[PDB]
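An overview of the molecular structure
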Amino acid sequence: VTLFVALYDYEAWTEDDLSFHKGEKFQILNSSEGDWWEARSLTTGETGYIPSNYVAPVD
């Protein structure tokens, strides 16, 4: 924790971004770039950039 949940599906298109689906949860490893955050998915066990407007905090 702190854990975020994916609100929508996202398909990667660059080299550092991560593909994910509605409902995957993430550990945010690095959140200092406003729009793009470094995450690890607790579902697929994978690491890469995700867009921040595509996740919400878990609660």
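Structure report, in brief.

Quick notes on the rules
Entry numbering is not used for residues: they are numbered from 1 along each chain in the order the sequence is written, which may differ from it, and residues without coordinates are omitted. As a rule here, side-chain values come from all non-hydrogen atoms in the structure, and water together with hydrogens is ignored. The secondary structure listing takes helices from DSSP runs of H or I that are at least 4 residues long and strands from runs of E that are at least 2 residues long, numbered from the N terminus. Radius of gyration here is computed from C-alpha atoms only, and the compact-globule reference equals 2.2 Å multiplied by the residue count raised to the power 0.38. Put simply, buried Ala, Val, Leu, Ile, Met, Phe, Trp, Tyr and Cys residues joined by side-chain atoms within 4.5 Å make one nonpolar core. Partly exposed residues are those whose accessible area sits between 20% and 50% of the maximum for their type, while under 20% is buried and over 50% is exposed, using a 1.4 Å probe and protein chains only. A pair of strands is considered paired only if DSSP assigns at least 2 bridges between the two.

**Quick notes on the overall build of the protein chain**
Per the secondary structure count, the protein chain includes zero helices and five strands. Start at the N end of the protein chain and walk to the C end: the helices and strands fall as β-β-β-β-β. The C-alpha atoms of the protein chain give 10 Å as radius of gyration, which agrees with the globular expectation for 59 residues (10 Å, within 12%). C-alpha atoms of the protein chain, sized along the principal axes, occupy 30 × 25 × 20 Å.

**Things to note about the nonpolar core**
Membership of the largest hydrophobic core is limited to 11 residues, which are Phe-4, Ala-6, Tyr-10, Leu-18, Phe-20, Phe-26, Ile-28, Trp-37, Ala-39, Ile-50 and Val-55. Looking at this core, the elements that each hand over two or more residues are strand 1 (3-6), strand 2 (25-33) and strand 3 (36-41).

**What to know about the pairing of strand 1**
In this structure, strand 1 lies alongside strand 2, joined through three bridges in antiparallel fashion. Of the residues in strand 2, the one forming a bridge with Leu-3 is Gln-27. Note that strand 1 and strand 5 (residues 55-57) share three bridges and pair antiparallel. In the sheet register, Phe-4 faces strand 5, and the bridge partner there is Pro-57.

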